[PDB]
Structures are given as structure tokens and as C-alpha cells.
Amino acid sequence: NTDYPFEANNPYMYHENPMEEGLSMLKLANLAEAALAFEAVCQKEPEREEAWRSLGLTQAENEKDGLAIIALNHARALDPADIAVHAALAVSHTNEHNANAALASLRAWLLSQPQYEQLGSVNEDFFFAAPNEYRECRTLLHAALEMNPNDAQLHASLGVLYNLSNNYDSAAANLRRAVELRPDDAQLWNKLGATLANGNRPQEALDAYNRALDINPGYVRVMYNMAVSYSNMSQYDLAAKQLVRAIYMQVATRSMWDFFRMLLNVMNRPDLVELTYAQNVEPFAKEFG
């Protein structure tokens, strides 16, 4: 449960400083690669935190929350004040439906900021099961919000919290406030996309996701998230096209194949479903390049 399942035959076990190789693969809009690189820095230098953080932060973007949490926990193990790790933790547990671990992470994100640590003096009606923890850091983030009316990362955090309680009404208001401020943050355009999609407006969502891919043309979550909206609107041709681009860009892959298996299913292609068990995205022709 503790350590990372490192991928064997890592070509960066042979490269002198691979941190820099990866950091610019992330610059080259190529997550699958940049994850391998950082996987080496973590194996070569266990004690270096910006390696575990870049690793986690990247795996989350590469649609693998599993490995992302394992990685961020080691980055946190090394520096428990690291607001970017905690920000990311909250997002990942929210996605993974681990509520208590999410609230804890948001709270920790806030209280680690020196400009808010003044708030550590703390003390039926509104939603959540896991209730004291949620009433707390909802208060805490509003107090933070009436200190600094236009902190984008404060809205984005409220957005995260309101997704956990299934209030995509308020989540979308805040995450809309958060982009606008920072209209070129891909992380933030996706968050809007997902909030909207979860709150049953996939139409709008698809807009929000396109702005994200305009900024980071190789962001694998999002490609996946676009499949999820197209699937929810029962436009399965489109979902299918989008998932393939997402599977391709992911590199083996995941339960990503399980999702593709149920599309081809409802689509009435017993063939194709039969040959998903080969690694190969190769045969699946509607896109080329």
C-alpha cells in the first residue's frame, strides 16, 4: 500500500538528470513520457519532493488518480506544508469519492498559506454526511473569501468543496469566477467542464473542455472527460472517437478499456468488443496520425 508500482525498463534510469527531460516533456504537452522521467528521479532520488509532486500532479492529468495519490502522499511525507500537493490531494480524493481525506486536504491547503494561518482559531440544515468536517472548512473558506474577495485559488477550492456535496449550482458559480481570473489555466477550465457535466449540463461542459485542450493540447483527463459527456448524451460514435484519442495519448492503459468495451456494446458491435483485449488501438479506424 505504501510504495509506487514503478514501471520496469525505465529508459531514464540511464539519463543524467531526467527531471529536466520530463519538466519539458510536460512543456511539450506529453504526459505519458514526463511521468516515466519523474518516475526515475523518484527512484534515483527518493528524498527530493518536487519529483514526487510533479509525478503525482502529472498522473492526475494522465487520468490515473490511483498512482497520483500514492505519489502525492510521498511528496506530502517530505513536505507537509506544500500547498500545491494539498490542492491536488483534495481534487483527487473528491474524484475518488474519499470525502474525509478530501476535506482534510482542503483545510490543510488553506491553513498552510501564511496569509490565512490566522484562521486556525476555530469554533437538518445544510448537506453533507461527514458533517462537522464539512461545516468547518466551508466556514473557513468563506472567512478566507471575505478577507480576499478575488482570490482565484479560493474560488477553485470552493468549487472543489461544492462538488463533494453535489451542489454543482454553487460549484459552477465559483469555478466560473476562478476562470476569468486566469482565463488560460487549463486545470481550471477542466474543473468547470466537470462541474457542469456532473450537474447535467454536458452541452456547456464540452465548451469548457475545448478551451482546456486549446491550452494543453495533450491533457488526457478531459479527453476522457469529453468521452464521459458524449456518452451521457447517448452520442456513442463521438464518445468512442474521443476515448480512442484519450487511450492513445495515455501511452498499456486501464479500466479505460472497460469503458470503451461498454460503448461498443450499446453500439451493437460484438466484433470490435472481441478484439479490445489486444493492447492495440491500431485497428480502431476513424482517426489517423
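One-based numbering along the sequence shown.
Asker: Can you tell me how many deposited residues have no coordinates between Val251 and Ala252? The categories are none, 1 to 3, 4 to 9, and 10 or more.
Answerer: Gap size class: 10 or more residues without coordinates, per the record.
Asker: If you count the residues of the deposited sequence that sit between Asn123 and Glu124 but have no coordinates, do you get none, 1 to 3, 4 to 9, or 10 or more?
Answerer: Missing in between: 10 or more residues.
Asker: For the stretches 80 to 88 and 131 to 139, which has the higher mean C-alpha B-factor as given in the deposited record?
Answerer: The recorded data point to 80 to 88.
Asker: On average, which has the higher Cα B-factor in the deposited entry, 276 to 284 or 20 to 28?
Answerer: 276 to 284 has the higher mean C-alpha B-factor.
Asker: Determine which member of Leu192, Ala102, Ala152, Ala144 has the highest CA B-factor, using the values in the deposited entry.
Answerer: In this record, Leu192 carries the highest C-alpha B-factor of the candidates.
Asker: Highest Cα temperature factor in the entry, among the options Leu119, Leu206, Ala75, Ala108: which one is it?
Answerer: Answer for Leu119, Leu206, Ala75, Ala108: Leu206, with the highest C-alpha B-factor.
Asker: Split the chain's modelled residues into thirds by Cα B-factor; is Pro114 in the lowest, middle or highest one?
Answerer: CA B-factor rank for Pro114: lowest third.
Asker: Going by the entry, which third of its chain does the Cα temperature factor of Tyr236 land in?
Answerer: CA B-factor rank for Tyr236: highest third.
Asker: Please say which third, lowest, middle or highest, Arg53 falls into when its CA temperature factor is compared across its chain.
Answerer: It belongs to the highest third of the chain when residues are ordered by C-alpha B-factor.
Asker: So where's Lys44 on the chain's Cα temperature factor ranking, which third?
Answerer: Bottom third by C-alpha B-factor.
Asker: C-alpha B factor of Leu264, ranked within the chain: lowest, middle or highest third?
Answerer: Its C-alpha B-factor belongs to the middle third of this chain's values.
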